[PDB]
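Below: one structure, written as structure tokens.
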Ligand SMILES: *[C@@H]1O[C@H](CO)[C@@H](O)[C@H](O)[C@H]1NC(C)=O
Ligand SMILES: *[C@@H]1O[C@H](CO)[C@@H](O)[C@H](O)[C@H]1NC(C)=O
Ligand SMILES: *[C@@H]1O[C@H](CO)[C@@H](O)[C@H](O)[C@H]1NC(C)=O
Ligand SMILES: *[C@@H]1O[C@H](CO)[C@@H](O)[C@H](O)[C@H]1NC(C)=O
Ligand SMILES: *[C@@H]1O[C@H](CO)[C@@H](O)[C@H](O)[C@H]1NC(C)=O
Ligand SMILES: *[C@@H]1O[C@H](CO)[C@@H](O)[C@H](O)[C@H]1NC(C)=O
Ligand SMILES: *[C@H]1O[C@H](CO)[C@@H](O)[C@H](O)[C@H]1NC(C)=O
Ligand SMILES: *[C@H]1O[C@H](CO)[C@@H](O)[C@H](O)[C@H]1NC(C)=O
Ligand SMILES: *[C@H]1O[C@H](CO)[C@@H](O)[C@H](O)[C@H]1NC(C)=O
Ligand SMILES: *[C@H]1O[C@H](CO)[C@@H](O)[C@H](O)[C@H]1NC(C)=O
Ligand SMILES: *[C@H]1O[C@H](CO)[C@@H](O)[C@H](O)[C@H]1NC(C)=O
Ligand SMILES: *[C@H]1O[C@H](CO)[C@@H](O)[C@H](O)[C@H]1NC(C)=O
């Protein structure tokens, strides 16, 4: 009679690596690295993200005529933007401290747009003439919808003196711009005054923009340039403007309504009519696993990322061929 | 007769963790993570730090009327500043490249303040009229004590042409400012000249500041703004000034006397009439141990920081219950 | 008769360290840390690097009279510059966004210099009078060779209106400058017009430089300053200039011919008439090994760097004394 | 490997024994059979479960790298932001690759030690009542029926 | 665990033996007593002291993170400066947690191996002059008085 | 150390045996000689070669830190760029120092285990045909000429 001690074998094909040896077959093994994703952009925690589609953050905020879809958006979970949005600054120019603003809007989850200077309150200037062929809407010359390109009235551009006082409880994102024309004739034609300025001030702001008249390469037909500026206006602070020309006045500002964790993501994906916990630019992750190699940059309840093909722990023992 | 081999046991309650098992009781164990600190700000190596208390670095350097305690400070070990110092720029405005300067003063351990332009040498302007209710001293209108707010004399502000040549062996921190008024009347009332400037130059500096006249929100009663600028002046270099108005002239500059390892620390703590080797914002560390979890940012002979509750090595062996 | 099991010994002196014990003698050991380098700057992959020697990147691009060696350089592998090149801006001044440009030229491996505005095409100004004693060539007053210091002709400086359109397939680095004079007399003496400007524009550029007249410390004899600016001009874009004075016009621009991996290295070494795979500031590495402690910053097929005296693996076993 | 039992003095594994990781094959007059050792198997299961969960749980959490925007004249700080994430995510790539290699080697040795200690459990149990055959088997000097065989597995044979 | 001695063929520890980590209990006509093995204890003390000091000393030094000031329009680079220190100090949090776990496991195994080698020291010393009882004790076939017992501990019994 | 063979029940190494890492010394009527065990030596060579290459290969690649230029008013971000590279290159300095220490300790134990398993290979081979002397030698109860001695080394003595 006989008793033998011994160990488990099976027909497992699973190999792992050690320091001393590689491709060792084992009875059981556990894979820790995730490699799968549904391949779509999905609501975070049951709330739809802000997918700008063909518009940029600038295009959206300024109100490019081609971004009407996002005239009054609801609360968002995270911001998705394409690699090179076609609808950015329809009128050529630049947006001052754009990246810092983009970074600010990552940590916001809802705006409310309010009127702060009615378009119809410009009793001494023309307010409905500032349209351009660079910014078409339905084959018709138009302009960024949230700011107003003021023009002289009766061969006179009186000095603008206006302000808005933030009587609300929330911070206020306020946007304005300055028009840099192509030559002196144009300056006279639009603003009368040859030597103009734009002064803007808050508790902390103190600027005086001077437009710049020059010939430059045409972009969407224009040698002129629009240059845009922003500030956060604090509860109970006021913003003051003064200009004798070239002023792209605000009409609408943004009341910061909901704040929270998010950021801007570069992705060419559409919405997936779907719902998730975790998200990469290439796709959303649904699993229990604790590591992945899909994409560096991420948002959501995301298991950790690393750059590797295969991570596999031995759990069982050396299997006998 | 009999001989047995065996091992130590005791009544140790100390548990540690391993990969395979956790809360294993052992006969001896060594704790490596430090968690204690005396809870006070203490002299580094027997030398008192620069504790600004309610003043900021700007307030101190410019000579805010409320920072008189720090009129002529001795050599310091490190700089402590509160989260939001109440005495900063008493007259509202901004300090140009403030953070870069703050960073410069971290690696300094002693200034010597020298007069470079006597206040009484301004024979063609008024030098003792530049006080403001924004900057009170003992219920009386005053101003930053190290710079001079010049004013017109006899309805005339002649063009200032001055300079200081650094005949010393040390580098020199030099501070000046420009006044941005609220309207044209004020400009005339203070400086006569409507169109003014401030040009400043060294071997490497080349600037021309232009003040900015505007209505803006009142801060400490003022719609005007003071904007301050600095430079390091090298041994044997000179600094040149020219202005026909709005010039906040220097009187005092700082001779960099002692350099060395330090930095600015945000802490609400007072001095502890005490002496130490290592320091965090929350407290000073005195021990032999090699790790801690108290606070990220630190200065002194400080054992290393990590974010963890408990680190404990087994030294003895498994204790038998 | 007898059979014994046993292990190898030799007369190896090689010691290694373990966790439990240190300086343990072993029969064999492998050193992994590299510590040697030929001590010279060598061609990368059989192609000579750009060794500026006593010139800086600014001096080279602007065409400082003392950098004639690098008038028309061939394709380079990497850029070497001394700690403090003696030939930088011979005429004192500054180079706008210098570090960003330096960083741009790291990832380039060949320029081709083209004429874009012939020096002899300035029919209404003087183009051959702009020389300075600050910039000597063979004891004779000269100037940066790639830009042109224009001067008034017949007590008149007409408004310059020029442009260049990038009809090439490659991007174009274009350089210009502005002269900041010492006083109004000089301004009249050189440019006639008291109030001058320089406007420059592309698809994306939009600037208007205004010179700054001031007394400042003399450097190489000059209280005046030259300030230089650059842009990349895209294929099919044009650059426009307009000025009524103080304009340091371009003549030559750089066609970006070869792009690729490289960067600027600070080293006091000369060329070694040699050829290598890997390079540090102190010397080039030739070996099979996988780690080193020579110098942090590197380029080439370089085994990894770490800060340690000795790394040695045991391969054999404990040797018996 | 390190402890000489698996693929050593025990030549191979038993395909037939499926109820556990380590165990017994018996042979007597009533027959021959496979049977797991519950305690030894469940010790190892616990250990290896906790080794796994320790690698997962103590990652709390690694670097959480959410993107930034730099522009055409901030190429230096973009490169800096680039290099930071290279360096980090390539530090974890080293950790994780090597951790898994080292712990894969220990886990196999853990199993080798377990089969060895099981062997020695029974050796000490049976004392002089059986001969070691050197291949992991003991041959009894007396009849060992199923009650006897199960008493070896319980740890209750010759309880004194 | 790995070497089968502590909490294995040696069931428990001796509370009574306080002068060292590993040692002897003897029993004869003159009495019974506990006594440490100096060499074995001091080997282990040295080792474990150097293991500790290696974890401490070779940290020379970790990241020394002294703070910076960024302003309202430098939120990107503030975030960058933020994330850097997250990533780093969370890399050391992984190292240190896991180092301690792995070395805690080795230290226990180190002790297990030590008690095993001590057992085998004496087994080889006594050869056929005593019987192994399998619980860590040897029963002598001859009288072993205190001089004899101390000679076992010295390594001097049957010196040949 | 951990496995008790090297510098334990085998007191010392053989200077005379140069053809391999582990092996045999025989002694009989025809003479005495040293001879390596090929298999055991080549197992270890493979292992240790792969341990080395694993430390080298899996570094693919560490941080590749190519320099940047910051100016007089960008001292904060220069310091930031500074501190990043401190922190990183000092993380690898910890990894590498400690990796080498831990694997140096395992490699010695690997060798100790190897000499032990070789000893037990032969013990099981010779069964009751020789006496263990406790110093790593077996004394045969019968004549063992060179053909016999080589048959022990082949693994072919008493092949059944
Ligand atoms: C415009 O200004 C002119 C001055 O020439 C004035 O006479 C005229 O009445 C104004 N026109 C309108 C339409 O109000
Ligand atoms: C440059 O020249 C081409 C003609 O060769 C023209 O089509 C293009 O529009 C020009 N670019 C600009 C910016 O004017
Ligand atoms: C001030 O200037 C006036 C010019 O109206 C001159 O006559 C007068 O004497 C000056 N006043 C003083 C106090 O010097
Ligand atoms: C804004 O309005 C409130 C009155 O509702 C006033 O008290 C406050 O001072 C105003 N803010 C400014 C900057 O003038
Ligand atoms: C320069 O301008 C003057 C005007 O005084 C003109 O008469 C003269 O002919 C011009 N000189 C030359 C050399 O062309
Ligand atoms: C400063 O003064 C010294 C004379 O003491 C002089 O040599 C030096 O050039 C002066 N510096 C400047 C910038 O003028
Ligand atoms: C493991 O490595 C082996 C031999 O080096 C190689 O043949 C194979 O590609 C690897 N395993 C698998 C499943 O590919
Ligand atoms: C260790 O973990 C145990 C069981 O998981 C738990 O009860 C306990 O909280 C831990 N030890 C201590 C002292 O808290
Ligand atoms: C190893 O350390 C020993 C003792 O701590 C010391 O004497 C020696 O300097 C080290 N080895 C060498 C070769 O220097
Ligand atoms: C194990 O087996 C014995 C003998 O066959 C049996 O009587 C008993 O039920 C079992 N005892 C335990 C403690 O499992
Ligand atoms: C150890 O004990 C022996 C026998 O009792 C005693 O004679 C001697 O003094 C000791 N020898 C050594 C080397 O410690
Ligand atoms: C090993 O040795 C035997 C006995 O001396 C010899 O006959 C044979 O050639 C060898 N066999 C093998 C398999 O190496």
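Please work out which residue is nearest to ligand 8 (Cβ to nearest atom), limiting yourself to segment B:177-186 and to residues that are within 14 Å of chain A (Cβ to nearest Cβ) and surrounded by 12 or more Cβ atoms within 10 Å (Cβ to Cβ).
Looking at residues that are within 14 Å of chain A (Cβ to nearest Cβ) and surrounded by 12 or more Cβ atoms within 10 Å (Cβ to Cβ), I get B:177.
Just to be sure I understand, how many residues within segment E:24-38 are closer than 26 Å to residue E:104 by Cα and free of Cβ contacts under 8 Å to residues at least 40 places away in the same chain?
Result for segment E:24-38: 2.
Could you check segment A:208-226 and list, in sequence order, the residues that are surrounded by fewer than 20 Cβ atoms within 10 Å (Cβ to Cβ) and in a strand (DSSP E or B)?
Result: A:208, A:219.
I'd like to check something: does segment D:47-64 contain any residue that is within 14 Å of chain F (Cβ to nearest Cβ), surrounded by 18 or more Cβ atoms within 10 Å (Cβ to Cβ) and not in a helix (DSSP H, G or I)?
yes
Could you say whether any residue in segment D:99-108 is touching a residue at least 12 places away in the same chain (Cβ under 8 Å), assigned to a helix (DSSP H, G or I) and more than 30 Å from residue E:101 (Cβ to Cβ)?
Looking through segment D:99-108, none of the residues is touching a residue at least 12 places away in the same chain (Cβ under 8 Å), assigned to a helix (DSSP H, G or I) and more than 30 Å from residue E:101 (Cβ to Cβ).
Residue pairs, Cβ under 6 Å, 6 or more apart or interchain, first in segment A:216-245 and free of Cβ contacts under 8 Å to residues at least 24 places away in the same chain, second within 16 Å of ligand 8 (Cβ to nearest atom) and in a loop (DSSP other than H, G, I, E, B). List them.
Final answer for the pair search is none.
Have a look at B:150, B:205 and point out the one that is surrounded by 23 or more Cβ atoms within 10 Å (Cβ to Cβ) and either touching a residue at least 24 places away in the same chain (Cβ under 8 Å) or within 16 Å of ligand 5 (Cβ to nearest atom) (or both).
The conditions single out B:150.
Taking the condition closer than 29 Å to residue B:20 by Cβ, in a loop (DSSP other than H, G, I, E, B) and facing chain B (nearest Cβ under 10 Å), does residue E:16 pass?
No.
Please enumerate the residues belonging to segment C:260-273 that are more than 10 Å from residue C:77 (Cα to Cα) and touching a strand residue (DSSP E or B) at 6+ places or on another chain (Cβ under 8 Å).
Once the filter is applied, which keeps residues that are more than 10 Å from residue C:77 (Cα to Cα) and touching a strand residue (DSSP E or B) at 6+ places or on another chain (Cβ under 8 Å), segment C:260-273 yields C:264, C:265, C:266, C:267, C:269, C:270, C:271, C:272.
Under 6 Å by Cβ, and 6 or more places apart or on different chains, what pairs join a residue from segment E:133-155 that is closer than 13 Å to residue E:32 by Cα and touching a residue at least 40 places away in the same chain (Cβ under 8 Å) with one that is assigned to a loop (DSSP other than H, G, I, E, B) and more than 16 Å from ligand 2 (Cβ to nearest atom)?
E:144/B:1; E:146/E:30
Filtering segment C:264-293 down to residues that are farther than 20 Å from residue C:51 by Cβ and in contact (Cβ under 8 Å) with a residue 60 or more places away in the chain, which residue is nearest to the other protein chains (Cβ to nearest Cβ)?
The selected residue is C:290.
If you take the residues of segment D:19-46 that are assigned to a loop (DSSP other than H, G, I, E, B) and in contact with a strand residue (DSSP E or B) (Cβ under 7 Å, 6 or more places away or on another chain), which of them is nearest to the other protein chains (Cβ to nearest Cβ)?
Once the filter is applied, the top-ranked residue is D:21.
So is residue B:189 away from ligand 12 (no atom under 16 Å from the Cβ) and away from chain C (no Cβ under 14 Å) or not?
Answer is yes for this residue.
Just checking, how many residues over segment F:121-136 are more than 22 Å from residue C:316 (Cβ to Cβ), more than 7 Å from chain C (Cβ to nearest Cβ) and assigned to a helix (DSSP H, G or I)?
The number of residues fulfilling the criteria is 4.
Being over 22 Å from the mean Cα position of the chain (by Cα) and within 16 Å of ligand 2 (Cβ to nearest atom) is the filter here, so list the residues in segment C:107-157 that pass it.
C:116, C:117
Does any residue of segment C:160-176 turn out to be within 14 Å of chain B (Cβ to nearest Cβ) and away from ligand 3 (no atom under 16 Å from the Cβ)?
no
For residue C:216, all conditions in the list (1) within 21 Å of residue C:97 (Cα to Cα); (2) within 14 Å of chain B (Cβ to nearest Cβ) hold save one; what is the number of the exception?
It fails just one condition, (1).
Do you know which of the residues in segment A:15-40 that are in contact with a strand residue (DSSP E or B) (Cβ under 6 Å, 6 or more places away or on another chain) and over 19 Å from residue D:99 (Cβ atoms) is farthest from ligand 11 (Cβ to nearest atom)?
A:40
Before we move on, is residue D:122 in contact (Cβ under 8 Å) with a residue 24 or more places away in the chain, more than 16 Å from ligand 4 (Cβ to nearest atom) and over 23 Å from residue D:52 (Cα atoms)?
yes
Given (1) touching a strand residue (DSSP E or B) at 6+ places or on another chain (Cβ under 9 Å); (2) more than 7 Å from every other protein chain (Cβ to nearest Cβ); (3) surrounded by 21 or more Cβ atoms within 10 Å (Cβ to Cβ), where does residue D:110 come up short, assuming only one miss?
Only one criterion in (1) touching a strand residue (DSSP E or B) at 6+ places or on another chain (Cβ under 9 Å); (2) more than 7 Å from every other protein chain (Cβ to nearest Cβ); (3) surrounded by 21 or more Cβ atoms within 10 Å (Cβ to Cβ) is unmet by residue D:110, namely (1).
Of the conditions (1) more than 19 Å from the chain's Cα centre (by Cα); (2) facing chain E (nearest Cβ under 9 Å); (3) closer than 30 Å to residue E:94 by Cα, residue B:299 fails just one. Which one is it?
In the conditions (1) more than 19 Å from the chain's Cα centre (by Cα); (2) facing chain E (nearest Cβ under 9 Å); (3) closer than 30 Å to residue E:94 by Cα, residue B:299 misses (1) alone.
Got a sec? Which of C:256, C:248, C:285 is surrounded by 18 or more Cβ atoms within 10 Å (Cβ to Cβ), farther than 30 Å from residue C:195 by Cβ and more than 21 Å from the chain's Cα centre (by Cα)?
C:285
All Cβ positions, even for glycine, are placed from backbone atoms using ideal geometry, and neighbour counts span all protein chains on display. Taken together, the values in this text are just the output of simple stated rules run on the coordinates, not laboratory data.
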